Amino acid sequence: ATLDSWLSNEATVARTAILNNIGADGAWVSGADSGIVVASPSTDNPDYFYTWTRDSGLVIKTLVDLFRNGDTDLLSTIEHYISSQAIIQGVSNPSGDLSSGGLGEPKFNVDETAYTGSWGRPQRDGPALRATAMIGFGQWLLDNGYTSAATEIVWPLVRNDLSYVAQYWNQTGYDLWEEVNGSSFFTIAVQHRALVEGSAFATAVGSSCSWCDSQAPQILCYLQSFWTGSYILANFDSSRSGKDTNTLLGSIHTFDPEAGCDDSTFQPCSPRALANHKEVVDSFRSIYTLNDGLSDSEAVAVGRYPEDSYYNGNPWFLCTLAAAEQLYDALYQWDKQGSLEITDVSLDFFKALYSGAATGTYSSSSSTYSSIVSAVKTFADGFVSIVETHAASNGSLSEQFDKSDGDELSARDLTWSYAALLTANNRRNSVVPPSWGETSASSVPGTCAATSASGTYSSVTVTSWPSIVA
C-alpha cells in the first residue's frame, strides 16, 4: 500500500537525482566534465565534489541495467562515461600512470585532473567495478550489432582494468570505506567477478584474457579465508570485529540470478551469506536509539560497521538498502530453484523469523516454505520502510540518517544512495541483472597460491562514437 507506492515514486526521483549529478549537463554539478559521475554536489562539510572510480562504476552499472531493460534515453550518459574513462585511465596521479599503478587511484577532480593531496590509496576495487560496468555495455553493443564499438572502444578499456586486477589482487590497499589498509572482502569478491566476466567478454570480441583465466581461480581460493565459521570477515589486518555491511555489498554486487545458493561465491541465499546477514544486522540493534524496542524479527536501521565513529557512527541509506536487497535476491533464487534449504549454519537466520524453523529441504509447495518466504519478504520490506521514513519529503537521499532522531546528515543527494534505491527496488520486483558466469566459476582450487599475472597496458583514444540507435 504505502511502500509499493512510495517505491515507484522514489524510483523516479532516484533516476533524476542521478542524472543531476553527472556532467556536463547535470543540474547539480556544474564544473564536472562530460560523463563524470559526482559523488554528491556537496562541496563543503563534507566535500564530496569529486569523482570516485568505485562510485561511478556502481552507478553506471545500474544505468546500463536500466538501459538494457528499455531506458534507452540513458545511451548518451553511458557513452560519455566510457569516453571520460579513456581519459582518466591515462591521467598520471599519486598511484602512478596507466601502466604503473595509476588505475588504482580512488578519486579525481570533477574536471578530470588528479587529486594530489593525501588519501587512502590505492583502492583495488575501482578497476574491477569500472570493467564490470563497461562489459555490461559491451555485451549490449555485441548483441545489437555494434561489433566495432565493442572491439575497438570497450574491450581495450576493459583490458587495462583487467590487467591491473590480475597483477595486484594479492597486495593490500584500502577498503571501500577508505580507512583500513589491508585485504577486504568486497574487493576480492568484485575482483573475482570482473576477471570471469572479463574473460568471457574477451572471447566474445575474438581476443583472449589469459591473465583473467589463471588468476580468477586463485582469487576465489583466497576469498574462502574470509569465512570465520560464523560470519564473513570484512578485512584482514584490522582490529575490529569484522562485521561490516562491506560483506552484504560484496554479495549483492556479485549476485548471479543463474546461481544456486553457492557458499564458495557467497551468493545471497548461500547459508554463509544468510548467517552473515544475521550477524551484521544484529550488530546495530542495541547501538542505535532508533532501534530501541524492535525485536529480532523486525528490521532495523543499518550502518557500515558497529565500530564506526564517522559523524558519530549512524545508519546509512545504502547499508539499510543492502540488507533488504540481499533478501530480495535470496527470495528470487529460492523461487527459481523451487526449494529452500535450512542448514545448521543458517538455522539462526531462519529461526529468528520463523520459530518452527528446522534443518531440511523445503519445496516451494510446502507449508514451511510458504511461511518462511512471507516472513523474509516482510523483513526485507521492513528495511525499505525505514528508508522511506527518513527520506526528505521530496525524496532526497543523504549519506546517513541520525542514530537518534533519524534526521539526514553528512553528504546530501548522495548518488550512491540513489543507485542503491534503484537496485533494491528492481530486485523487489524480480528485475535481475544479466548473469556473469558464476555457474562455471565457483569451483575452489585444492591449494591457494599467493600469485599474480601481468597483462598488458595500452592507452585508448576515443576519436568518435558510431551512430548507435536504441
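Note that residue numbering follows the sequence shown and begins at 1.
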Mean B factor on CA atoms, stretches 156-164 and 383-391, record says higher is 383-391
Taking the deposited Cα B-factors and averaging over 357-365 and over 259-267, the higher mean is found in 357-365
One of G31, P46, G437, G57 has the largest Cα B-factor in the entry, namely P46
Based on the PDB entry, the highest CA temperature factor among the options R427, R412, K61, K403 is that of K403
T53: CA B-factor among chain residues, third -> lowest
Of the three thirds of Cα B-factor ranks in this chain, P433 occupies the middle
Split the chain's modelled residues into thirds by Cα B-factor; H192 lands in the lowest
Quick tally, chain-level thirds of C-alpha B-factors: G313 sits in the middle
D143: C-alpha B-factor third of its chain, per the entry, is the highest
